[PDB]
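Asks: Before I ask anything, let me first share the structure, which is written out below as structure tokens.
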Number of protein chains: 4
Amino acid sequence: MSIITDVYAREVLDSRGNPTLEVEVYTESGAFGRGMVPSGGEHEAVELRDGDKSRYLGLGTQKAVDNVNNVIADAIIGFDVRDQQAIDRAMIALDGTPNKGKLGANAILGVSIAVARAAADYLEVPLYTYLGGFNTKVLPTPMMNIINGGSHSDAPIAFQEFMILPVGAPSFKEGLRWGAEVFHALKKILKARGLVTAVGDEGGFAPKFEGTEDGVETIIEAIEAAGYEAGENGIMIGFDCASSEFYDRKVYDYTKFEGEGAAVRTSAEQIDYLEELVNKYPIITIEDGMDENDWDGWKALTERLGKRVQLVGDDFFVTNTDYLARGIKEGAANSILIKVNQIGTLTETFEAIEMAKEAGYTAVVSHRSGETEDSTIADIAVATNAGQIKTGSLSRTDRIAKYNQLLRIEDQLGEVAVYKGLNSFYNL
Amino acid sequence: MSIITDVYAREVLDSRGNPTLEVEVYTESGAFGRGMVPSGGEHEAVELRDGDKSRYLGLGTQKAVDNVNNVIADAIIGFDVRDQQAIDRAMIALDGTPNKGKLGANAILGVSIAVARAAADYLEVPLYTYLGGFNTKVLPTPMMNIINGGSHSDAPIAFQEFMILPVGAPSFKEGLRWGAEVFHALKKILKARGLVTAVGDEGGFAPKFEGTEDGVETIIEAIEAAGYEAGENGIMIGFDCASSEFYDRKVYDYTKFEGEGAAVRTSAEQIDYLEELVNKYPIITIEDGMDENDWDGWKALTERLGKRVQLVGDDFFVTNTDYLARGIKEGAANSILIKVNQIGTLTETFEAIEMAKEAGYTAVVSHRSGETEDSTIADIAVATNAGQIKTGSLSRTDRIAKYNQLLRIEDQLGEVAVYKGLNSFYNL
Amino acid sequence: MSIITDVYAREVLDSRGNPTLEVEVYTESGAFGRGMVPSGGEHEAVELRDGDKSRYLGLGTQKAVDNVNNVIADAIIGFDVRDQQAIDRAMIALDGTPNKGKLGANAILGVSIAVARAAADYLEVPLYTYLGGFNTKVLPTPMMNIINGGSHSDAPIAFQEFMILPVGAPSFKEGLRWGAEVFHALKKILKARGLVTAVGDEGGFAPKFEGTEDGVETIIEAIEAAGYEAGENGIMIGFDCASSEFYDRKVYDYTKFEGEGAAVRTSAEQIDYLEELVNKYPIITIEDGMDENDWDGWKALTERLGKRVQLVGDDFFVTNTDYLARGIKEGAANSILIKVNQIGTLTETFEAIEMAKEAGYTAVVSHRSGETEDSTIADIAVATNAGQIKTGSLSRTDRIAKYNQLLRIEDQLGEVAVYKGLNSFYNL
Amino acid sequence: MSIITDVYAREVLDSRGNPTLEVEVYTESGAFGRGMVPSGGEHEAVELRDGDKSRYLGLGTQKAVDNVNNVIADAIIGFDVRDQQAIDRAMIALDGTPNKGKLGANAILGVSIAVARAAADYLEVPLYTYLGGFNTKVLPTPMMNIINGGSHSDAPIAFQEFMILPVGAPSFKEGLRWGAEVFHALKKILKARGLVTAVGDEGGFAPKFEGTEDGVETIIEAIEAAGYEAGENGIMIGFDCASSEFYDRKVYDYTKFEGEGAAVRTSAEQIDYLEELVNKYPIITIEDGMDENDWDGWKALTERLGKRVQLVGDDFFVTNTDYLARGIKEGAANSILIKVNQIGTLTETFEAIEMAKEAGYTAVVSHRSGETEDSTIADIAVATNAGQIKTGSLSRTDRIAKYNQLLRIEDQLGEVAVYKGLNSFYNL
């Protein structure tokens with residue numbers, strides 16, 4: 001009865017109108033699990049696309065679906081639904097390639113998640129309880145995308161994302177309200193300036209600001225209009241520089257997004273420029289402040305800001321234990337952005353999280369630009385007491401589905417629920 | 001064991017960052033059902049709001065939640081989960097008011113959908129099967145929002161919504177694909193013209209066009225760019241004038257949105273403007289072409305187009321069977337937009353669908369501006385073989401969630417699935 | 001357990017002493033379903049007879065029984081009992097012929113009904129609930145055969161049937177009493193005139209009246225003697241002209257049944273003659289007023305009486321979606337008599353009902369001259385909220401079995417039960 | 001779980017359009033049984049009627065229903081469904097009267113049959129198996145009504161019923177076939193003679209014959225027309241004189257039905273008239289040949305025919321064991337007609353059957369004029385291996401329902417089924 005009897009996949013659409021896949025796992029006892037995959041370098045997990053540029057611009061996932069039904073299914077059917085680690089290792093070996101390019105990183109993960117949710121269903125326990133055990137209590141402090149730049153905007157701004165973090169909320173429920181009220185207070189402000197209030201992929205705004213400072217100072221304005229502070233409760237701010245977007249040789253070219261008068265900074269001036277922003281604004285976290293390959297710049301940045309600011313490695317570590325292990329030894333950062341589909345399996349996802357923990361690094365569970373109605377990353381955030389999460393702005397179900405799921409978790413936990421707020425950053 | 005042993009509601013957020021509610025129904029047997037609620041003149045069902053702008057600007061829903069947990073619970077617990085009608089009728093009687101303003105239309109619908117999904121879970125049958133019986137095979141022809149105007153835009157366009165319909169698609173699966181491909185093709189075109197590609201509430205665009213015509217032809221331009229004809233396969237176009245937004249006395253003032261040089265038309269001149277558009281562009285449906293109180297305008301409008309174009313009454317009927325019965329009697333329209341939470345219960349919802357069917361009217365299950373990850377309206381569309389559905393554009397998950405569920409329903413049906421396409425309009 | 005494990009058929013007798021068949025379906029879980037077939041052109045379903053004029057005058061059904069046990073059984077066993085549509089389509093494809101002449105329309109239906117009743121048994125829900133879902137509430141307004149003519153009588157009367165309809169009863173239970181009391185009041189009247197009170201196939205009388213008017217006016221006499229009215233509550237009257245019985249060329253020859261002085265009417269005079277009856281008597285419905293092939297006569301009849309009288313197509317549509325689809329486009333009638341075995345399956349029966357609905361036509365669930373102790377058509381009448389039913393007079397279990405089953409349904413529904421009475425005719 | 005947890009009765013109609021009642025018994029285990037009741041001097045069980053001729057001319061049964069739901073229910077609920085005798089004895093004691101006139105014989109029998117069928121459902125065994133044990137194999141030899149006289153006709157015939165018996169049939173299946181074929185053959189003959197072919201309450205005919213003999217010979221004429229001998233296979237004939245209908249003083253006045261020239265016979269002359277018929281026609285059984293109070297006539301009648309012809313006491317015994325015991329002691333007859341509702345309970349029914357058997361009397365389970373779709377008397381006939389049954393003609397379903405059930409019973413038995421035919425009369 002506990003044995004997996006059925007593994008089926010189908011093609012569906014993500015929050016961007018692009019094809020993805022989902023896997024449904026059945027046990028003979030009736031336990032059901034459905035897993036959906038978000039959208040997805042040379043040393044990271046690769047999703048399998050059809051390449052037929054006449055169907056969905058070549059973004060179809062029928063090849064990946066076939067691999068689940070016609071290959072992986074025959075390999076997984078027979079396993080106990082609860083043997084997660086064994087099932088994941090079975091798919092990794094089945095693929096052969098390091099990047100899961102033969103079967104597809106999306107085909108592999110879909111099954112990985114469905115099996116876990118089917119197991120949690122079989123044991124009649126919450127998903128986070130099954131993944132993390134009995135000691136899951138910490139609701140994550142959210143970094144919420146609010147303003148976009150760089151590739152995700154036409155505004156003269158270099159940084160890709162600007163987020164707000166309710167570090168001083170008594171609980172997650174209140175923190176979610178705080179972020180929401182500021183989102184609406186900002187929308188009101190944007191309308192006043194006659195700017196656009198329509199949202200992008202993550203549900204955040206991307207208005208034509210005068211520049212980076214105009215953008216950050218406008219955020220600070222919406223935070224205060226909502227009736228909050230700026231650093232105390234705070235609400236504090238965070239960056240997703242995505243500096244690799246405008247990195248050239250060995251120079252951080254800002255003219256790429258910010259215009260003709262923009263500055264071209266070296267690794268040393270890039271560190272100084274980040275230090276000026278931190279000193280002038282209530283900034284608590286900075287993601288990909290340095291190029292993915294600028295290791296020397298990452299180390300020098302950690303020495304000069306790592307003790308008082310969170311330095312998240314996204315494109316720098318690409319959810320890779322090899323890249324992270326070197327980050328720890330080199331002291332390149334102090335935080336890692338965990339993207340599930342960027343590694344392939346849930347097992348690999350939890351080994352990356354633990355490694356970051358044992359090193360003093362924080363693990364920030366991440367979403368993708370192309371999301372679904374799935375909210376598994378929320379259960380993962382609480383399952384491991386990550387204390388932090390990154391799952392988008394406050395105006396899209398592809399984002400709100402995760403905040404909703406965290407509300408249920410915080411509701412299920414009751415008095416056991418924990419919100420660390422500013423204390424989520426033990427890496428400081 | 002089929003007895004409802006617990007009814008519980010909590011506060012959550014919709015796709016716009018505004019509070020809503022979800023209800024979870026439990027039976028002694030262990031069956032579970034969760035029903036979330038979307039956002040929602042004087043003769044309709046009203047949602048209960050807290051009115052405390054210290055929380056979500058007074059958009060809190062802790063009052064309606066309390067009503068479910070403390071009042072509706074004592075009433076529903078004990079009922080058989082399968083007695084849908086008796087349960088909905090009990091909530092209506094419990095409330096005591098026509099507009100469900102005492103307990104809240106949102107609180108009553110929450111329990112209404114939760115009980116249904118819990119009953120489908122208990123019987124181990126698909127929701128659409130439980131809702132409509134064995135004869136559920138028709139996959140709806142989607143009217144997909146793609147361009148917004150009026151109050152949802154800054155462009156000089158009076159019409160509120162513009163939609164594309166894959167009437168010539170062989171299946172829903174290919175229809176959805178066509179919509180997505182036209183949506184991506186249109187996004188490209190907008191960037192080439194230097195227009196905003198950011199999406200609105202429904203996942204559609206609101207570019208600054210030259211006017212109404214420019215918008216329609218840019219759609220046809222994208223339809224053909226995707227490799228589809230314009231009216232045969234089709235793709236066809238649809239309107240949501242929402243003319244009650246720019247109606248005055250007794251005139252349709254277009255200057256409200258289309259600048260100072262706009263044409264103020266009378267009822268007779270309004271019908272004429274619509275007829276010109278129909279003959280010039282491949283338009284197949286028009287929603288709220290006349291004021292919600294312009295019955296004489298609706299009657300004359302149905303006389304000159306009711307045999308060749310679908311006329312959808314949204315604000316004209318507000319999912320009110322008393323209004324619909326009058327529209328059917330006077331021949332005021334030939335289609336009604338069905339908004340679930342606008343009428344309170346599922347029972348009342350299916351009575352309106354049936355009354356419309358028996359009159360030769362089509363019933364178009366609709367979404368709301370504030371949506372959730374729920375996808376019950378997709379099961380409602382298949383359960384009633386309505387043949388049509390209006391659930392947003394091809395981006396946000398609050399819209400895609402419904403499209404994904406329709407794909408699962410079409411997948412489950414297999415050889416029994418049916419896509420009527422153009423034949424969906426039996427009212428023509 | 002939910003899988004069908006046994007499909008068995010046997011020969012039994014109908015309400016006329018003629019052979020028919022019944023199918024019993026078993027699931028491994030113990031769910032049981034029994035289906036019996038009523039007695040049964042060139043484009044309609046054909047029942048399979050043995051043709052051995054030495055056994056039951058060649059009306060045996062052993063060939064049909066064999067086809068269920070030795071052919072259909074092997075094809076159906078394995079299917080989930082709940083997959084009605086798939087099972088029906090499997091039998092249609094198995095037969096091959098359009099009219100189901102190879103396996104037999106009676107062999108196919110028997111399984112169709114047994115499977116559905118076995119499924120309703122498996123889910124532990126009422127049959128009408130399983131067939132129609134949760135929104136089944138409308139008890140049908142009955143047209144009750146009371147006086148016979150034409151082929152079913154020796155009296156000088158042309159019309160085949162004369163029925164009464166309790167359009168003004170508060171509920172079905174009262175409507176059934178009304179019809180009964182008038183039946184007994186008529187029996188008393190017939191005895192007074194020294195006429196025969198023995199009953200025919202449908203349990204109605206067929207006395208030697210002076211003619212059509214003497215027959216109708218005698219009915220009006222029994223209605224009033226019972227303490228009712230004639231049009232209000234009403235009780236109103238209906239016809240089953242079966243005009244094809246006395247149709248010749250292009251003339252409606254009344255001398256065929258009414259005698260030497262009878263009138264021979266053209267299509268135009270036939271319409272006028274029906275208009276005179278409607279104007280002089282409280283007539284609300286007329287079945288087969290025109291020949292099955294007289295399409296032109298049907299259209300002209302609908303233009304002149306279709307707005308104020310129900311025009312039922314029996315031999316005109318022969319429960320055929322192709323004939324009905326043309327009836328809608330041509331506007332040939334406004335109602336269809338649904339005979340289950342005349343089409344073959346339950347799926348086809350519900351597609352015919354829905355088509356009639358979406359066109360403004362009413363669907364009147366019909367019985368056959370040779371009935372059984374089965375009462376499935378009653379559950380079908382409520383399953384689809386048809387609002388009307390035709391299942392015989394008030395003095396035979398082959399008829400009373402259906403009225404009894406409707407009493408149970410109305411009793412099961414409770415306060416949810418609905419009786420439209422005169423409002424059953426939404427086609428007016 | 002075998003405990004009765006609910007007993008519920010409702011009002012319904014019989015085969016004549018007159019009110020009756022049915023009872024539904026439920027157990028905690030989910031077992032269900034429904035027992036319907038047929039219609040029913042001073043020493044018998046009487047049905048309870050409402051006496052309100054504003055409803056069904058005072059034939060309402062809402063009083064007996066109320067007695068079941070409000071009085072009998074409180075008494076029976078809690079009993080084990082398998083304790084039939086204890087339950088029937090409790091209802092008799094509850095009523096307190098011999099004629100069951102307080103609660104109603106109809107109300108008590110309803111629960112009596114419902115409990116039995118519910119117990120057979122719980123044990124998952126055929127009703128006849130539950131009622132009689134393992135040794136139930138004998139399929140009854142049917143006495144089939146075919147021609148009616150006396151009070152049930154206008155023809156000059158004193159005898160109330162005429163019947164055909166397939167004594168020489170190899171099985172019940174072929175016996176039923178023979179009866180039907182003679183019934184259809186007779187219908188033909190009647191139309192050739194210009195006589196009415198409309199059926200009565202029992203599905204038989206009542207043609208205007210020349211007299212008694214003409215009727216018997218017309219039957220033999222049809223028997224031979226069907227290709228059967230007359231007395232060998234047989235077909236044989238039977239009578240139901242109901243001589244208590246035309247009895248006066250101390251004379252059998254035949255002028256009551258057979259015109260002015262009829263022969264008024266004494267008891268001695270009555271026996272003589274019957275003996276002549278027996279020697280002239282292939283008659284095998286005679287019911288109520290003597291007045292119900294003409295004991296001296298019954299004794300002398302059994303002396304001169306009791307060894308060669310079956311004498312059935314219907315009104316003579318009125319299913320009264322006190323009457324039967326006297327008839328057995330005096331040798332007044334050699335067969336008793338068993339009417340279930342005429343004695344109230346199933347327990348009392350089987351005691352009369354056994355008392356008759358042990359005396360060498362045959363027990364003929366009988367139907368009533370007002371029947372239902374129920375077919376319990378067929379299971380009673382097989383359960384007791386009675387070898388005979390009287391349940392109507394070969395048309396109406398109120399009669400055919402019992403024949404169909406006997407076919408199912410004979411089908412279930414297979415090689416164990418036994419048709420005694422002529423050997424059924426062990427009293428000869």
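Chain labels follow the order of the structure tokens: the first chain is A, the next B, and so on; residue numbering restarts at 1 in every chain, and ligands are counted from 1 in their shown order.
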Among segment 21-123 of chain B, which residues does DSSP mark as strand (DSSP E or B) when it is run on the backbone? Keep the chain and numbering as in the structure and answer as a ChimeraX atom specification.
Replies: /B:21-27,32-36,77,79-80
Asks: Counting only C-alpha atoms, which residues in segment 316-355 of chain D sit no more than 12 Å from segment 289-293 of chain D? For each one, give the nearest pair of atoms and the distance in Å, sorted by chain then residue number, as CSV.
Replies:
residue,atom,partner,partner_atom,distance
D:316,CA,D:292,CA,4.1
D:317,CA,D:292,CA,7.7
D:318,CA,D:292,CA,9.1
D:323,CA,D:292,CA,10.5
D:327,CA,D:292,CA,11.3
D:332,CA,D:290,CA,10.3
D:333,CA,D:289,CA,10.3
Asks: Please identify which residues in segment 203-411 of chain A DSSP calls helix (DSSP H, G or I) from the backbone, and express them as an MDAnalysis selection string.
Replies: chainID A and resid 212:225 243:246 255:258 267:280 295:305 321:330 340:342 346:358 376:383 397:411
Asks: Residues near segment 170-177 of chain B, anyone? I mean within 9 Å using only C-alpha atoms, not counting same-chain ones fewer than 2 positions away, as a ChimeraX atom specification.
Replies: /A:17,55-56 /B:139-142,165-168,179-182,233,394,403,406-407,410,417-421
Asks: Contacts of residue 245 of chain A at 9 Å or less, counting only C-alpha atoms, minus same-chain residues fewer than 3 places along, as number ranges by chain?
Replies: A: 150-151, 158, 160, 241-242, 248, 256, 291
Asks: For the selection you just gave me, I'd like the residues written to a file as a PDB file, in the first residue's frame, keeping N, CA, C and O atoms.
Replies:
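Ended up saving to selection.pdb:
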ATOM      1  N   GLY A 150      17.559  47.199 -13.985  1.00  0.00           N
ATOM      2  CA  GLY A 150      18.397  46.437 -14.890  1.00  0.00           C
ATOM      3  C   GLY A 150      17.627  45.795 -16.028  1.00  0.00           C
ATOM      4  O   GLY A 150      16.904  46.471 -16.762  1.00  0.00           O
ATOM      5  N   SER A 151      17.778  44.482 -16.169  1.00  0.00           N
ATOM      6  CA  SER A 151      17.148  43.740 -17.255  1.00  0.00           C
ATOM      7  C   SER A 151      15.629  43.726 -17.135  1.00  0.00           C
ATOM      8  O   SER A 151      14.922  43.568 -18.130  1.00  0.00           O
ATOM      9  N   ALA A 158      20.625  50.250 -12.319  1.00  0.00           N
ATOM     10  CA  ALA A 158      21.492  49.107 -12.595  1.00  0.00           C
ATOM     11  C   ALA A 158      21.091  47.839 -11.845  1.00  0.00           C
ATOM     12  O   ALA A 158      21.104  46.747 -12.416  1.00  0.00           O
ATOM     13  N   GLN A 160      19.008  44.863 -10.248  1.00  0.00           N
ATOM     14  CA  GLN A 160      17.868  44.136 -10.799  1.00  0.00           C
ATOM     15  C   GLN A 160      16.624  44.192  -9.913  1.00  0.00           C
ATOM     16  O   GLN A 160      15.504  44.280 -10.416  1.00  0.00           O
ATOM     17  N   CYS A 241      21.511  42.960  -6.854  1.00  0.00           N
ATOM     18  CA  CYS A 241      22.280  43.685  -7.859  1.00  0.00           C
ATOM     19  C   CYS A 241      22.364  42.956  -9.197  1.00  0.00           C
ATOM     20  O   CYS A 241      22.327  43.588 -10.254  1.00  0.00           O
ATOM     21  N   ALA A 242      22.473  41.631  -9.148  1.00  0.00           N
ATOM     22  CA  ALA A 242      22.691  40.847 -10.356  1.00  0.00           C
ATOM     23  C   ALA A 242      23.817  41.485 -11.161  1.00  0.00           C
ATOM     24  O   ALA A 242      23.686  41.711 -12.364  1.00  0.00           O
ATOM     25  N   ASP A 248      31.771  43.647 -17.211  1.00  0.00           N
ATOM     26  CA  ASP A 248      32.574  43.503 -18.418  1.00  0.00           C
ATOM     27  C   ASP A 248      33.890  42.789 -18.118  1.00  0.00           C
ATOM     28  O   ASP A 248      34.032  41.594 -18.380  1.00  0.00           O
ATOM     29  N   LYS A 256      25.433  50.546 -18.817  1.00  0.00           N
ATOM     30  CA  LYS A 256      24.623  49.533 -19.474  1.00  0.00           C
ATOM     31  C   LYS A 256      23.132  49.738 -19.225  1.00  0.00           C
ATOM     32  O   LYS A 256      22.307  49.461 -20.096  1.00  0.00           O
ATOM     33  N   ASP A 291      30.345  39.994  -9.523  1.00  0.00           N
ATOM     34  CA  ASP A 291      30.209  39.058 -10.634  1.00  0.00           C
ATOM     35  C   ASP A 291      30.274  37.622 -10.137  1.00  0.00           C
ATOM     36  O   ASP A 291      30.862  37.342  -9.092  1.00  0.00           O
TER      37      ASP A 291
END
Asks: As an exercise, work out the distance from atom CA of residue 127 of chain A to atom CA of residue 81 of chain A in Å and give it to one decimal place.
Replies: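 Pair atom CA of residue 127 of chain A / atom CA of residue 81 of chain A returns 13.4 Å.
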Asks: Tell me, as a VMD selection string, which residues lie within 6 Å of segment 277-284 of chain A, counting only C-alpha atoms; anything in the same chain fewer than 3 positions away does not count.
Replies: chain A and resid 231 236 to 238 274 309
Asks: Once you have the residues from the selection above, write them out as a PDB file, in the first residue's frame, restricted to C-alpha atoms.
Replies:
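Written file, selection_23.pdb:
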ATOM      1  CA  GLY A 231      15.408  50.468  10.197  1.00  0.00           C
ATOM      2  CA  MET A 236      14.666  47.475   6.063  1.00  0.00           C
ATOM      3  CA  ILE A 237      15.717  47.131   2.417  1.00  0.00           C
ATOM      4  CA  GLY A 238      17.652  44.574   0.368  1.00  0.00           C
ATOM      5  CA  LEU A 274      28.035  49.203  -1.968  1.00  0.00           C
ATOM      6  CA  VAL A 309      25.401  43.033   5.941  1.00  0.00           C
TER       7      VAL A 309
END
Asks: Give me, as a tab-separated table, the closest atom pair and its distance (Å, one decimal) for every residue of chain C within a cut-off of 6 Å of chain B, counting only C-alpha atoms, rows sorted by chain and rising number.
Replies:
residue	atom	partner	partner_atom	distance
C:130	CA	B:133	CA	5.6
C:131	CA	B:133	CA	5.0
C:132	CA	B:133	CA	4.6
C:133	CA	B:133	CA	4.2
C:134	CA	B:131	CA	5.8
C:357	CA	B:358	CA	4.8
C:358	CA	B:360	CA	4.9
C:359	CA	B:360	CA	5.3
C:360	CA	B:358	CA	5.2
Asks: Determine, for each residue of segment 168-214 of chain B having at least one atom at most 12 Å from an atom of segment 366-373 of chain B, the closest pair of atoms and their separation in Å to one decimal, counting only C-alpha atoms; order by chain and ascending number, as a Markdown table.
Replies:
| residue | atom | partner | partner_atom | distance |
| --- | --- | --- | --- | --- |
| B:200 | CA | B:369 | CA | 9.5 |
| B:201 | CA | B:369 | CA | 5.9 |
| B:202 | CA | B:369 | CA | 6.4 |
| B:203 | CA | B:369 | CA | 10.0 |
| B:204 | CA | B:369 | CA | 11.6 |
Asks: Let's have the selection written as a compact mmCIF listing (two decimals), in the first residue's frame, with N, CA and C atoms.
Replies:
# COMPACT_ATOMS: atom_id res chain seq x y z
N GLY B 200 -1.42 43.93 -15.91
CA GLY B 200 -2.34 44.42 -14.90
C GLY B 200 -2.89 43.31 -14.04
N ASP B 201 -4.04 43.56 -13.41
CA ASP B 201 -4.66 42.61 -12.49
C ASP B 201 -4.94 41.26 -13.15
N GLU B 202 -5.36 41.30 -14.41
CA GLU B 202 -5.80 40.09 -15.10
C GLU B 202 -4.69 39.46 -15.94
N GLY B 203 -3.49 40.05 -15.87
CA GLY B 203 -2.35 39.52 -16.58
C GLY B 203 -2.26 40.02 -18.01
N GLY B 204 -3.14 40.96 -18.36
CA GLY B 204 -3.14 41.54 -19.69
C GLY B 204 -2.34 42.82 -19.75
Asks: Give me the residues within 12 Å of residue 3 of chain B as a PDB file with C-alpha atoms, in the first residue's frame, counting only C-alpha atoms and dropping any in the same chain fewer than 2 places off.
Replies:
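Wrote result-v3.pdb, looks like this:
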ATOM      1  CA  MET B   1     -18.452   9.248   8.586  1.00  0.00           C
ATOM      2  CA  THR B   5     -17.322  17.442  11.845  1.00  0.00           C
ATOM      3  CA  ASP B   6     -15.422  20.701  11.400  1.00  0.00           C
ATOM      4  CA  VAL B   7     -15.704  23.952   9.451  1.00  0.00           C
ATOM      5  CA  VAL B  25     -14.341  21.524   5.692  1.00  0.00           C
ATOM      6  CA  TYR B  26     -13.653  18.247   7.484  1.00  0.00           C
ATOM      7  CA  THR B  27     -15.718  15.087   7.792  1.00  0.00           C
ATOM      8  CA  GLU B  28     -15.430  12.326  10.383  1.00  0.00           C
ATOM      9  CA  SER B  29     -14.142  10.024   7.636  1.00  0.00           C
ATOM     10  CA  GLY B  30     -11.161  12.324   7.128  1.00  0.00           C
ATOM     11  CA  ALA B  31     -12.343  13.911   3.895  1.00  0.00           C
ATOM     12  CA  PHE B  32     -11.047  17.440   3.359  1.00  0.00           C
ATOM     13  CA  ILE B  76     -23.227  23.258   9.166  1.00  0.00           C
ATOM     14  CA  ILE B  77     -21.407  20.756  11.385  1.00  0.00           C
ATOM     15  CA  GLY B  78     -23.566  17.637  11.484  1.00  0.00           C
ATOM     16  CA  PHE B  79     -24.844  17.939   7.927  1.00  0.00           C
ATOM     17  CA  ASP B  80     -23.894  15.283   5.407  1.00  0.00           C
ATOM     18  CA  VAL B  81     -21.112  16.658   3.208  1.00  0.00           C
ATOM     19  CA  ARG B  82     -23.106  15.525   0.164  1.00  0.00           C
ATOM     20  CA  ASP B  83     -26.222  17.582   0.919  1.00  0.00           C
ATOM     21  CA  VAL B 115     -18.235  21.560   1.407  1.00  0.00           C
ATOM     22  CA  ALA B 118     -14.859  17.947   0.608  1.00  0.00           C
ATOM     23  CA  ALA B 119     -17.774  15.924  -0.767  1.00  0.00           C
ATOM     24  CA  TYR B 122     -15.145  11.806   0.197  1.00  0.00           C
TER      25      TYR B 122
END
Asks: Applying 8 Å and only C-alpha atoms, which residues near segment 61-67 of chain D remain after dropping the ones on its own chain fewer than 6 positions away? List them as number ranges by chain.
Replies: D: 9-11, 19-21, 48-50, 103-104, 106-107
Asks: Which one is closest to residue 178 of chain C: C:93, C:228, C:339, C:41? Count only C-alpha atoms.
Replies: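 Selected residue with least distance to residue 178 of chain C: C:228.
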Asks: Please indicate the distance in Å from atom CA of residue 156 of chain A to atom CA of residue 259 of chain A, rounded to one decimal place.
Replies: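 Calculated distance between atom CA of residue 156 of chain A and atom CA of residue 259 of chain A is 6.3 Å.
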